[PDB]
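Data block below; observations after.
Residue numbers (the authors' numbering), protein chains in the order written: chain A, 1033 to 1131; chain B, 149 to 197; chain C, 2 to 163, 174 to 305; chain D, 2 to 196, 201 to 305; chain E, 4 to 213, 217 to 276, 279 to 306, 311 to 331; chain F, 1230 to 1278.
What follows is the structure, given as structure tokens:
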């Protein structure tokens, strides 16, 4: 046993599925008028864009959208035991002597 | 003639590809607006009382 | 406006092996000589400078590479070829194939190089006409410059011999590739070494007395990523030049006139044209680039 | 018939105080990692490479400069910016807001440089969205290689003076570095007596080439010797010193030079590629009190 | 005068950039018929006729370069110029609000003051152009210092061909040309080439073939040599012309200026700033195999290069 | 309330834990890696709240 002891952190992530509630008349949308724009000319490709800008709004002042985590699908990141290689994060910092 | 029909049955399809892609952004962004103004339940229950 | 398409008269009918060889490569880059709609088959491939019975080098090829136009295939028909063309500023759809495989991305950087690994793979025999067609190879400049590194180093040592695990194993990280050297013509790389003769002697004169002094304060105290080359040992040459005391206004002349010859060394590590790829796909292996004469 | 336009969106609105720093410029130069017309903030400044967290960088900027795609501001709205794309050999209008202020000149050649000064000169700090905007140093070409040169000199003698100050007078040094001479004008830079981690690697690279390059042309002279070899090489005996030409292969061996000479020339190209070209735009006409100019952009 | 509006309303409303092609969606599949200058294969017949192909030639690329108007004393820029010369731009200092200085290649032979027999053709005419070097060398009192420290190529910013000299008594208005092909002013629908003296030009792609391929590009390079003659340093100039590529040309230039260098480095030896030699600036691309038609003056053999676009460049050292 | 701090190696200001995972003293590292102890020792993100 060396002189110290140590705590350990990990992370983890979980794919989950949500019940998102959204109340009525929370937003009023302003639908625009779209357009077709050409650019990036090639020997053959005449690439286009169909752009359509839309303006949103927040009607009520209180909150009107509630999310909840309600499932576990997998544990994608596995709670490994592999430490972090500080030689690789700090390539510059090293000791004095070569050998 | 039926090579020219292979032109108009291509470009009027690729317009309709933009007709769908327009309607995706209406479903996407309006949903993606709502997720930038949505706290989870464990915040909003205690504040909601 | 402008069209660009080259059809090639193929005067004798294909054979069953060589048809599938051309069919094997539908997106490729071959430099031709005569920018016309029609074209005879004495100058399609690179083979006017790299042949069988000759002893070809590769500098004279790469020297010949910048003069030529560059062209892309569209079809292979049995009685004629059909190609397409590259304007000196035009976006297109290039679709890389080339067999010592590599992987690119959006915003990558290119060169055009001779076949430097397998002449036997890159060339195909044409018994229908008795004239082979050499294919060159596009390589990214992270390694395309690195292949040019060894050839200048290679012709130094082999005449001093007049073993070679050291020389022509070209280093990508994890992949060291042995080059193709059988029968070189060292006369064209000799003049390039004669132009490395000049500047490498020119840069040796007005070397900054300050930056020499940094090395004794480099390898003795601290350690760095680059300095494993020295293994912590000063060369004997440094102990001779740094005798005096430093002086800035003497050195600024030795730091600006130095910097002028820095730009001059583009003139010897040249390429053919460069290709700035902006868009890229994975499963199609498509790409896109505006051609740049250089 | 083509239509370029680039619209950068922001998730949240701007502050009323930051917008005054963005009305203060209306035409400038942004290194924009996109080639499209919808984009989030993360690829217009230099925050892809130059950030507050890590070390500042030079060549990782410099590789990123020529690879990138520049753009020019047109019309700043509070929700979202707006740009105009820079085509190759396009023609448009450029003003300056580039601290520290360099006075321009018509009929000149313009290099795009990495910022190496403080953030108060360089950036506009954002807090609406956390990510920065960093503006590249836009200085004409001859003035670019003079502001580069004297600071790179100032960086080398700083490491000597910090390691051993028994050689260098600061009065001799600072008199000859922070005063760039051109136009009949003396433009004073910022000295950074906070302790300069932008110009470390060049000083790391050039000090390799200080000692190891003159080892080089000694080896070349005894390679391929002919009674036909190109005759200018006799003239360059007087260039190389007499003390340099008294070195043999005794210190090294046959595998030693391979470990050098394959790697030796690789420093020269990483040297010579970046100092040749910036992405350069040529400016023919210019006025003082409007600070406006007309440009054309050669990708070189 | 009421039908002068209908003379500018015709031309100016047609002499416009093409509009940004932006069709609203609600129309539908009619957007594609705006694309016309990307088709390039028109249908012929047994009788094709110009009266029926007048759309097929109506399409054209959008090609237009830009001009930089200068303003220079007639003491330096000569009152006569052959309408297709080359222009430098020496630029030392912002003294006036707008006080330019031009230089022609005929001028620099008088600024340098090099040997007679090294360029013995223009020298006979270089005294009926100008004086003896008085009205030029007195504007730059550091020409002896610009030679020694080697800084003259760092100050020229090349411009290109001419368009027109609206000339006056003291100061000559010079309409320059960059980016391409200069349009004329005496004759509309007529481009302006770039015309050079045969004394200064040196070809490069000339040998017995004993074969170089074809192409589109052939470039004109500018050059300059810092040298000393009669123990007083005076610069030099040549041209170049090749469609080769930059890897060859620097090696090919050193074959030409070999004998100057073989004399030169005797001088300093028998210094640090003395070591620089010269630079190369690309001046654009001549089209492929277009011929130089010779000309003459009152005489002076002058070439021509039609359809000449012009793109400048930097000054990279060669030695 | 009886103990002031569990370790003087994280909550202590100059301490080795706080210095390994501070943003201020990481002007050498490659930023591409991920660090979780970087989160609890970051001066700014804690004071953003």
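Virtual Cβ for every residue (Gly too), placed ideally from N, Cα, C.
- Listed along chain A are 1067, 1068, 1069, 1070, each with a C-beta nearer than 9 Å to that of residue 25 (chain E).
- Annotation for residue 161 (chain E): 91, 228, 289, 291, 324 place their beta carbon closer than 7 Å to its own, counting only its chain and skipping 5 residues before and after.
- Residue 191 (chain E) is outside the set of residues whose beta carbon lies under 8 Å from a beta carbon in chain B.
- Within a 10 Å sphere around the beta-carbon of residue 209 (chain C) sit 16 or more other beta-carbons, which makes this residue buried.
- Boundaries of the beta strand (DSSP E) around residue 295 (chain E): 286-295.
- For the pair residue 1105 (chain A) and residue 1049 (chain A), the CB atoms are nearer than the 8 Å cut-off.
- With respect to residue 57 (chain D), residue 218 (chain C) sits apart: the two C-beta atoms are not nearer than 8 Å.
- Using a 10 angstroms sphere on the CB of residue 260 (chain E), the tally of other CB atoms reaches 16 or more, which defines it as buried.
- Interface with chain F (8 Å Cβ-Cβ cutoff): residue 128 (chain D) is excluded.
- Residue burial is scored here from C-beta neighbours: residue 99 (chain D) has at least 16 other C-beta atoms within 10 angstroms and is therefore classed as buried.
- Within the DSSP bridge table, the entry for residue 212 (chain C) names no partner.
- Rounded to whole angstroms, residue 200 (chain E) and residue 312 (chain E) show a C-alpha spacing of 7 Å.
- By the 16-neighbour rule on beta-carbons within 10 angstroms, residue 134 (chain C) is buried.
- In terms of Cα proximity to residue 81 (chain D), the closest of D:91, D:10, D:129 is D:10.
- Just so you know, the alpha carbons of residue 318 (chain E) and residue 196 (chain E) end up roughly 5 Å apart.
- Around residue 1252 (chain F), the beta-carbon contacts reaching into chain D at under 9 Å are 53, 54.
- In this structure, residue 180 (chain E) sits near residue 68 (chain E), with a CB-CB distance shorter than 8 Å.
- Beta-carbon to beta-carbon, residue 263 (chain D) and residue 178 (chain C) are separated by about 7 Å, close enough to satisfy the 8 Å threshold.
- The alpha-carbon of residue 197 (chain C) is positioned some 14 Å away from that of residue 50 (chain C).
- Restricting attention to B:180, B:171, B:151, B:150, the CA atom closest to the CA of residue 1083 (chain A) is found in B:171.
- Put simply, the backbone Cα of residue 303 (chain C) is about 49 Å away from that of residue 172 (chain D).
- Linking residue 121 (chain D) to residue 61 (chain D) through their CA atoms gives a straight-line distance of about 22 Å.
- For a cut-off of 8 Å, the C-beta gap from residue 190 (chain D) to residue 181 (chain D) is around 7 Å, short enough to register as a contact.
- For residue 96 (chain D), the secondary structure class from DSSP, reduced to helix, strand or coil, is strand.
- Taking the Cα of residue 85 (chain C) as reference, the smallest distance to any Cα among C:107, C:39, C:48, C:148 is reached at C:39.
- Contiguous beta strand (DSSP E) elements confined to the region 269-302 of chain C occur at 285-291, taking only those with 3 or more residues.
- Proximity of residue 280 (chain E) to chain C, defined by a Cβ-Cβ separation below 8 Å, is satisfied.
- Residue 291 (chain D) and residue 106 (chain D) do touch by the CB rule: their CB atoms are close to 7 Å apart, below 8 Å.
- Contact with chain F is found for residue 1121 (chain A), since one of that chain's Cβ atoms lies less than 8 Å from the residue's Cβ.
- Only 40, 41, 42, 43, 44 from the region 21-47 of chain E bring a Cβ to less than 8 Å from some Cβ of chain C.
- Along the region 1034-1067 of chain A, going in chain order, the ones with a CB nearer than 9 Å to a CB of chain F are 1036, 1039, 1041, 1042, 1043.
- Straight across, the Cα-Cα distance linking residue 293 (chain C) with residue 267 (chain D) is about 33 Å.
- With contact defined as three or more Cβ pairs closer than 8 Å, the region 224-243 of chain C and the region 146-163 of chain D are in contact.
- DSSP, reduced to helix, strand and coil, places residue 132 (chain D) outside both helices and strands of the structure shown, so it counts as coil.
- Between the region 1047-1062 of chain A and the region 164-183 of chain B there are three or more inter-stretch CB-CB distances shorter than 8 Å, so the stretches are counted as touching.
- Against chain D, the CB of residue 1091 (chain A) has no partner CB under 8 Å away; the residue lies outside that interface.
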